[PDB]
Ligand code: HEM
């Protein structure tokens, strides 16, 4: 996947993320649910949100949003030595949450969108680089385990 240099850039940028996980976790999820309204239907818990406003005005989402960048954070610090921590993840989104690989494709772009909005001007090309190749690795390894289980949908 990536080289040390790129792993550097990845955990450096994770730097920005750790300084405010609930605010970053919140804007990503709000990035997803408004950009792609159908992802919202997957959370019985949030299907009740109708506006952007009502979304920001929600502590539960802020909460959920911290569970996620905390679980990702975990896997990203492994530097691709995540089967351990990803295996458990692959089966729940596959079998119980039932989330399509494209929905994992969307949120990935939303990470990168989100970081440019919040850090416009110090999220450069090399960084953008290595963060994308790490979200791809993550995304491809899930694919791999989603294949294993026939989650064709
Ligand atoms: C991008 C990386 C993601 C990470 C790190 C992640 C992390 C997690 C974790 C740790 C849980 C709780 C434990 C479990 O149930 O496995 C969870 C729950 C869940 N995730 Fe994800 N998730 C990610 C992407 C997604 C996406 C893209 C969607 C939907 C488009 C999604 C939908 C859900 C749902 C529906 C649940 C359970 C709902 C609830 O809390 O009642 N996840 N996620």
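Quick note: the coordinates plus some simple rules give every number you see, no bench work behind them.
Volume of the convex hull of the chain (Cα atoms only), normalised per residue: 105 Å³.
Under a Gaussian network description of the chain, with springs only between Cα atoms under 10 Å, the residue in 33, 138, 46 that fluctuates furthest is 46.
Calculated [222 nm] ellipticity per residue, helices only, for the chain: -22500 deg cm²/dmol; basis is -39500 (n - 2.57) per DSSP H run with n ≥ 4, divided by all residues, nearest 500. For the range 1-116, the relative contact order comes to 36 percent (Cα pairs under 8 Å, sequence separation of at least 6). Does the range 1-82 classify as rounded, prolate or oblate by the C-alpha gyration tensor (a ≥ b ≥ c root eigenvalues; a/c under 1.5 gives rounded; else a/b over b/c gives prolate, otherwise oblate)? Verdict is prolate for the range 1-82.
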